[PDB]
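Commentary on secondary and tertiary structure
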Amino acid sequence: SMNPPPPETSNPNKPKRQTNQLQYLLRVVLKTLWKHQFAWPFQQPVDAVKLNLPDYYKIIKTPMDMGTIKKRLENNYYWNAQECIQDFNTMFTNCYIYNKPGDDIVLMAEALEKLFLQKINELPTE
Ligand SMILES: Cc1[nH]c(-c2csc(N=C(N)N)n2)c2c1C(=O)CCC2
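Residues numbered from 1 in each chain as written, not as in the entry; some residues may be left out. Heavy atoms only, no water.

What the entry reports as its method is X-ray crystallography, with 1.300 Å given for the resolution.

To continue, consider the packing of aromatic side chains. Inspection of the entire model under this criterion finds five aromatic pairs. Here the aromatic residues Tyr56, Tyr57 and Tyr98 are joined through ring pairs into a cluster of three or more. Directly above the aromatic system of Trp34 lies the positively charged group of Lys70, at a separation of 5.6 Å from the ring centroid. (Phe/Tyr/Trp six-rings, centres within 6.5 Å; stacked < 30°, edge-to-face > 60°. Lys NZ or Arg CZ within 6 Å of the ring centre and 35° of its normal.)

Turning next to the nonpolar core. Counting 27 residues, the largest nonpolar core has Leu73 and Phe88 as its most contacted members. For this core, the secondary-structure elements that each account for two or more residues are helix 1 (20-34), helix 3 (66-74), helix 4 (81-98) and helix 5 (104-120). When neighbours within four sequence positions are excluded, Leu73 is seen to be in contact with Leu22, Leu25, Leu26, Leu30, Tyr78 and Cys84. (Core = buried A, V, L, I, M, F, W, Y, C linked by side-chain atoms within 4.5 Å. Buried < 20%, exposed > 50% of the residue type's maximum accessible area, 1.4 Å probe, protein only. Helix = DSSP H or I, 4+ residues; strand = E, 2+ residues; numbered from the N terminus. Contact = heavy atoms within 4.5 Å.)

Okay, here's the thing in structure tokens:
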């Protein structure tokens, strides 16, 4: 069994910015979700080999996780906040796509997503 390469966190020719919205995404949004008691299954890419989930990357073709997002934010990978918000939403959606309704992982994603929504509701103006 094999995992795919992880999503990139560095791309020197991709234009980048540091903006107040991106700073909020790191200092408020990421930090709030990262410390949560349910964050630990989303802090790195899904290891389909160790978890014995050979169908994970058959179904999930746009993987995303908070470890990747954290590195992207710390590395100033993004141009704008929408790119990062999209990454969080990809992470949550993948969980709902792969898993069964009511599974523990889905309840964990829902708890994190609730906080995500509350924080991005107050994304500062640029
Ligand atoms: C998003 C996600 N994370 C995990 C998981 C289990 S154990 C672990 N440990 C880490 N990452 N330290 N992550 C799963 C999952 C799914 O969607 C399907 C089932 C398993």
